[PDB]
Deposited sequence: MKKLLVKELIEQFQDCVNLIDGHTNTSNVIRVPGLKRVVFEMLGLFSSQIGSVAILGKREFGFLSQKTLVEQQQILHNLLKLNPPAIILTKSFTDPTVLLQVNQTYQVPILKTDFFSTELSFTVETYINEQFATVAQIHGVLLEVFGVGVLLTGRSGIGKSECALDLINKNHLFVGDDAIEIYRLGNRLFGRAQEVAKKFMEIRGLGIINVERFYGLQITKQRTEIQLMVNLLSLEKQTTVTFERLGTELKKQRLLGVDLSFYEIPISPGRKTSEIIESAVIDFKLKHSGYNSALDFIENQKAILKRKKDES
């Protein structure tokens, strides 16, 4: 993982975060995610080194405000002596005077904001958390089709790549081939190409081509939310029978997230690129609450009436 420095946080949120102290240690490393609540540390119950950004908001300020200036100093000393990467004060932390006082010695980067704890939860916090998100490397081809992230799997190998080329000519977005990586954020799964892969792709008879140099930046994308998995089956699918009524919806879990599963057969005479498109259309349609199969069966019954 790449180290997340305090200055990086600053620069990335210069709109809602202001550095008011500890200017010289803005190079501190944030080694743990989340906006750490440190009441235990403040009450002198815990005393382990702090590796995440600490937060003082309404609650902390209210507690401190009922204590004497001397007491507050003792309390804040318990916190700062633990070397937190930095400390962020919400708009509720109205008077940071005593903090800066105690901080004169430590000089821990102090960041002021006009956001409430709640507003920092889906902004500054969410940002920090995703930098630590677990990422795994896998094989396959990623594209975004009809605004839906699709992961192309199979055994043909180069067959999948040639299929991504087909979709590209249909103006769909290419993310990466073979050497890709995924990561879960919230209840969503995301994929992007590894540095080695980038936008290169091997096509039989052509070798390694640069998709971007060939068809422009209009057909590539840095990342995509994977929501669909398509498995391309070779000519030796004759072990497979195909679903007549796709009333249900098959799934497959990848890195914790469940992905809708489709198994398509490569058939001579028709365009594979367009059978994949139909699957995606199937998916979006079902997600909106419409199932062709079900509707079909209801149609049969409606007609059946002696």
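K.L.:
Which bits of the deposited sequence have no atoms placed for their C-alpha?
P.N.:
Comparing the full sequence with the modelled residues, the uncovered ranges come out as 238, 308-312.
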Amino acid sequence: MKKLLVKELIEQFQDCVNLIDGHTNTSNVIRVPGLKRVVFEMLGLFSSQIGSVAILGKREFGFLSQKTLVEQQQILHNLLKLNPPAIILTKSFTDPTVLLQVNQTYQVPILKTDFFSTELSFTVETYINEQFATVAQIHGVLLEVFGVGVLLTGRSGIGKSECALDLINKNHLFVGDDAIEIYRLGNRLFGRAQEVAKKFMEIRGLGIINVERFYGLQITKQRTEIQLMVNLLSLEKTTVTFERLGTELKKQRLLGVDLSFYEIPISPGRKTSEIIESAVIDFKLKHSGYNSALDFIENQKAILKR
From here on, numbers count along this sequence of modelled residues.
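K.L.:
With respect to the recorded C-alpha B factors, which stretch has the higher mean value, 241-249 or 57-65?
P.N.:
On average, C-alpha B-factors are higher across 241-249.
K.L.:
Quick one: higher average CA temperature factor, 80-88 or 151-159?
P.N.:
The deposited B-factors put 151-159 ahead on the C-alpha mean.
K.L.:
Hey, out of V38, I281, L259, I264, whose CA B-factor is highest in the deposited coordinates?
P.N.:
Largest recorded C-alpha B-factor: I264.
K.L.:
Sorting the chain's CA B-factors, does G140 end up in the lowest, middle or highest third?
P.N.:
Middle third - that is where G140 ends up once the chain's C-alpha B-factors are sorted.
K.L.:
Hey, what third does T118 fall into on Cα B-factor, ranked over its chain?
P.N.:
It belongs to the lowest third of the chain when residues are ordered by C-alpha B-factor.
K.L.:
Looking at the C-alpha B-factor of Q49, is it in the lowest, middle or highest third of its chain?
P.N.:
Top third by C-alpha B-factor.
K.L.:
Of the three thirds of its chain by CA temperature factor, lowest, middle or highest, which one includes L165?
P.N.:
Tercile = middle for this residue's CA B-factor.
K.L.:
Splitting the chain's C-alpha B-factors into thirds, which one does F190 fall into?
P.N.:
As the PDB entry reports it, the C-alpha B-factor of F190 lands in the lowest third of its chain.
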